[PDB]
């Protein structure tokens, strides 16, 4: 039915099949579908996730209007997601005023002030990171990074999102690790969205119950044992209250949505970085020299000395341009609206193809090359903040951005203070993106790790 919408508005796009819409075209991945539509149709285009019209926009004014100017009034929420259960109280999933409240209640937790108090927690698990790596480096065996890096990203989440301290790699049998390790079906979510409500009254939760049952009680253990500078405690202090306080269940739901947002992003960006540092050894040396300058004698990184490292920042940012691991941003259009000369009707999903804008030859020279100088203070100013959006933009951007950048930077400083990384015969050169759902390598990153 609703497949006639874009034709009437005169918006171009690929013709949709009945029921499926355009979803068959996701067979080369979201990344390649988006690049092709940018190429074929120019500045705007429309496709259909099943019956759901999606309008893609690439003009930086329009993007600003949607992400900033008309965020509260028109473009407040992302695509409706389910079946969720009580996770409807997670900030990323909540809508309209419930989100606005949740955002207000959680924002003091992610300030640079609070982030400086967490850096000694984040630091200690970098030590754990190196001593897991040195065990594989002294054994002359090429390293699968996602395992040592995956363990780091999960380690930092426990101790910051619940206060629990695990060497998940070597304390694998902690009751905590096993439950938090319970991190395809979502294509049917789309040809058959009418089925989400079925599952909701069936208590078929996308977040399994035993885990959510554990953390609820496990936080209700810690809440009633203190009664530490982790997200848990910063949230327990906020509900010691303007809007209402954060109910016990809501504080759990936020913790869980942090784990999810933080775990595989941090792991994948870190792997993407080390792949680039190994295939661009010059960039690696220059970074190691900066780390040794700011931190002589392999001094431990601190909040302030991290923010001192400009090339490290340049490497991280250039990597997040190549691999914006969320790939897209979305907002549901909640009202009939006109923006920067374009009528947009109610219920359309508006989408910003980050990946494709990050690799748009119209804004970047040699967009496939890993050139960190792009982000040099001399050249950084000629970058558009609505073209480069690895963490989104506007009131609903990534609230954990500052933390995620410190966290990865702390990982890298220490791992580069100790090791060098070289391609193995088993390294996938060139790295190929997973034609599948999330932004991750086809083949995992394997490299030789030697000890300075």
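Definition used throughout: the rigid core is the maximal C-alpha set that superposes within 1.5 Å between two forms. Residue numbers count along the first chain shown, from 1.
After a core fit, the C-alpha atoms in 9 other deposited structures of this protein lie farther on average from the shown form in one of 336 to 344 and 75 to 83, namely 75 to 83. With 93 to 101 and 185 to 193 as candidates, the stretch whose CA atoms show the greater average offset from this form in 9 other deposited structures of this protein after a core fit is 185 to 193.
Modelled in this chain, residue 180 is likewise resolved in all the other entries of the protein that span it on both sides, not missing from even a third of them.
Compared with the other entries of this protein, residue 119 is consistently built, present in every one of those that build its neighbours rather than absent from a third. In terms of unmodelled positions of the deposited sequence, the chain runs continuously from residue 198 to residue 199 in this entry.
Counting the deposited residues that fall between residue 241 and residue 242 and carry no coordinates gives a value of 4 to 9. Per-stretch averaging of Cα B factors for 418 to 426 and 30 to 38 places 418 to 426 on top. Looking at 386 to 394 and 409 to 417 together, the entry lists the larger mean B-factor for 409 to 417, computed on C-alpha atoms. Between the residues 274, 219, 329, 71, it is 219 that shows the highest Cα B-factor in the PDB record.
Taking the PDB entry at face value, the top CA B factor among 92, 107, 139, 267 belongs to 139. Ranked against the other modelled residues of its chain, the C-alpha B-factor of residue 342 as given in the entry falls in the middle third.
In the PDB entry, a CA B factor belonging to the highest third of its chain's modelled residues is recorded for residue 377.
Annotation for residue 80: CA B-factor lies in the middle third of the chain's modelled residues.
In the deposited entry, the Cα temperature factor of residue 15 places it in the middle third of its chain's modelled residues. The entry lists a Cα temperature factor for residue 258 that places it in the lowest third of the chain's modelled residues.
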